[PDB]
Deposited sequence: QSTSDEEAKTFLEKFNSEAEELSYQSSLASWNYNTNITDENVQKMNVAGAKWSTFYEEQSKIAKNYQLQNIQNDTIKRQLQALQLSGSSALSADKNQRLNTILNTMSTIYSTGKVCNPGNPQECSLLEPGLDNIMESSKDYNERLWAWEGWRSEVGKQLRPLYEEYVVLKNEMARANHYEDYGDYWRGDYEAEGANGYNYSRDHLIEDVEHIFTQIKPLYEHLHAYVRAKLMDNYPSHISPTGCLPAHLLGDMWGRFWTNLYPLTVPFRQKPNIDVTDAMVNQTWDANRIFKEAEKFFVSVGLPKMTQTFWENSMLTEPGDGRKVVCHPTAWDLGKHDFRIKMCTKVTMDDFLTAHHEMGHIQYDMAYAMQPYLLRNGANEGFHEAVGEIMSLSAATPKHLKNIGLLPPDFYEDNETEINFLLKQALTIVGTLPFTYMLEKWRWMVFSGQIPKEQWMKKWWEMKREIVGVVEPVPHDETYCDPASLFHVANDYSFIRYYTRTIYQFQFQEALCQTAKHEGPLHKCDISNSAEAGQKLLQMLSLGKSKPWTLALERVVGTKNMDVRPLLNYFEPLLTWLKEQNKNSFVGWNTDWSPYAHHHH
């Protein structure tokens, strides 16, 4: 009875029971998300509870198979994921306190209101609508400081205790702290030179930031000059951007600054929604077009049970539904897409995005249950986003008859498009890096409690080039005012998945022998590109993510140079546009100073 065979026998018993309990949990959850009734909440809770109860019990049996003694790395990975106790390593009382803490912060976030000089706005949609659309300095300031002084202040004492119990949980799971526990998602232990330590993620993420800083500084300088036009009495040409003028409640994306920053305001964006309606497209036509695109690159078509079981429109009966687009991998070769699709270019691109998740789910469906996931937390969205990249290009829209055969995209709308992309993609990278770096150092104890707000805004000025419009002491908890922080979600997933998606695109575009700028690339009708991609998709998480990445792009390394190549036409445009502007920022200046 060798160690490999005992644990494989255990995994065989686990897999045969997990597939049923996980399916019943997914099916009940599906029946709620597509039929919102009080009856189906309880079924979803009971089905979810018996699946959670089962996994907890199997996780404790699984810990008796020491990883060191297993020769089989495929077996070793399965036991590893199953052995990860998480919050179950805490005492039952301490896990219940943390659950109460996490449920109170989440409740405070979604019920928080801000009352002006009785009528109060929630975040959704009141305070949001102001932060994404208002061009008035003082109205955005009232919403920005109001959200952080009413909601964030409530979260300050709860988040302090949230850190204690999370670090205690991670220490019980034999990690440095909660931050080092999160970085374990990128830990590869495999063959020679595919190794990836949790501490190496810190150096990669920091190194990638230094390579990005020049492009970000030029986008930052261009946005600063354009904001100086609209807020002439509040903006400094060499200072950080006021945190409340960035296009949303936190400045995560700069997308909503496009009306203030569009390089050529008379050039409209290419919107093919009218062409879709003019041709009597409906939601079945949309997902049929998405299916043909994946078949064009050599990926399989949808199963018949996909078309029967999916919810591709908002139901025409009276049942209430969650309309947020999701791709469901329920198990047992049951793949579905839940989507309240409308006949628009936006939902046309979303259909390719969600079906990209489906292709990924179908590819690794023959893997053992515990290995059916992305290589790491950033692979699934990276794969889904490159499909909408190809489908959104005018070349592809012309080839499916949605753009006129005459159509020629001029340079101005090409620059308009790249600028719009950079507000979302490039603008969010320093924000994402600095946020998770602050959480990593708060969990590690490098940032003491009495300097949380001091360090948060010292790193905002330093890394993001963003300054607070109002001085905040330690009664505030400003990061907690973001959904992902208040709801206990790791954030570096948005950093890495952005790096991955442009490595994938550049690799697949070279395989398709595309010629021209990378942003005009359409991988349609290239079977070798989809075949190259599938060699990674079918791996699941059965191999080190570095090896899975190398099977597509040829490199074991998370590389940002592909993203820089994608935005090189814009960087060339920005350096000329910023010729009379200051590139960089000083961390000293404050709008309140």
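Residues of the deposited sequence missing from the coordinate set occupy positions 1, 119-121, 598-601.
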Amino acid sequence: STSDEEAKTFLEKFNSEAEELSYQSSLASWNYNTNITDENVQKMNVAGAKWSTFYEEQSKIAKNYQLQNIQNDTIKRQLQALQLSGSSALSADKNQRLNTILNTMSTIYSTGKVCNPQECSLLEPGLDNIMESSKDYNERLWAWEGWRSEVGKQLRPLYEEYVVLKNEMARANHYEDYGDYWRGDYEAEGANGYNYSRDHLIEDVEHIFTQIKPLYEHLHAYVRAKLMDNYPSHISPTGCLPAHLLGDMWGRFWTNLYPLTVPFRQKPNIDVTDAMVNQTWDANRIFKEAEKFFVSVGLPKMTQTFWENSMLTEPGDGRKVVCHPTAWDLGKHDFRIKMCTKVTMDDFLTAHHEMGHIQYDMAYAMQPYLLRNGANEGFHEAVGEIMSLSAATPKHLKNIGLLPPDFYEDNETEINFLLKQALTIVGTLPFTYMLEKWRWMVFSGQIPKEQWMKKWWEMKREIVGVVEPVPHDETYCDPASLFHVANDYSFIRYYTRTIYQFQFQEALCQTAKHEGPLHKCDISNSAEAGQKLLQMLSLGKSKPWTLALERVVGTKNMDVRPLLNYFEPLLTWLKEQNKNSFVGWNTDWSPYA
From here on, numbers count along this sequence of modelled residues.
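Here 576-584 and 14-22 are compared by their mean Cα B-factor, and 14-22 comes out higher. In this entry, 72-80 has the higher mean Cα B-factor, the comparison being between 72-80 and 349-357.
The entry assigns its greatest Cα B factor, within the set 415, 275, 426, 337, to 275.
Annotation for 267, 437, 460, 493: 267 ranks highest, by Cα B-factor. Among all modelled residues in its chain, residue 318 ranks in the highest third by Cα B-factor. Among all modelled residues in its chain, residue 540 ranks in the lowest third by Cα B-factor.
In the PDB entry, a CA B factor belonging to the lowest third of its chain's modelled residues is recorded for residue 548. In the deposited entry, the Cα temperature factor of residue 405 places it in the highest third of its chain's modelled residues.
In the deposited entry, the Cα temperature factor of residue 487 places it in the lowest third of its chain's modelled residues.
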